[PDB]
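Student: pasting the sequence and an experimental structure:
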Amino acid sequence: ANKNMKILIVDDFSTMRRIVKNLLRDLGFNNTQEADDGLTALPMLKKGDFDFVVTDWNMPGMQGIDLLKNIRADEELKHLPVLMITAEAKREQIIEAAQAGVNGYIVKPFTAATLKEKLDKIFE
Ligand SMILES: [Mg+2]
């Protein structure tokens, strides 16, 4: 589990993107880039050669479940594991997201400890 998979962090909230960049940094992961909406993650995704996606749900460009679908449907990208960060903790929301192919889930707030527990287990 490389402290160096290249990770895309998607969220319409810059402070959120950076609270996340640092807990990842605390964890041994530095290689990170950001995107503020799914509409602007995909073309990053499409040729950036990433290894892992962490994305929010609530985004207005392209909501996060939609990005996940475009990923699952792009043949070059559907092998990517996606951790989803959540805003609104509902069992009807999670179901729909597992149904769309998400690898794991996490609920805000979260800590660098709930985070690794979530990591050790996607690559699972
Ligand atoms: Mg959001």
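Tutor: Arrived safely. Residues are numbered from 1 along each chain as shown.
Student: I'd like the distance between residue 61 and residue 35.
Tutor: 9 Å (C-beta to C-beta, to the nearest Å). The C-beta positions use only the backbone N, C-alpha and C, and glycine is treated the same way.
Student: comparing these two, which residue is more hemmed in?
Tutor: residue 35 (24 against 16; other C-beta atoms under 10 Å).
Student: phi, psi for the more buried one please.
Tutor: With angles defined as degrees, to the nearest 10, residue 35 sits at phi -150, psi 140.
Student: correct me if wrong: it contacts residue 9.
Tutor: Yes. Between residue 35 and residue 9 a contact is recorded at 7.1 Å, counting by C-beta atoms under 8 Å.
Student: how about the residues of the protein by the ion?
Tutor: 12, 56, 58 (C-beta under 5 Å from the ion).
Student: centre-most residue in the chain?
Tutor: In the chain, the C-alpha nearest the mean C-alpha coordinate belongs to residue 54, at 1.5 Å (C-alpha atoms, centre = their mean).
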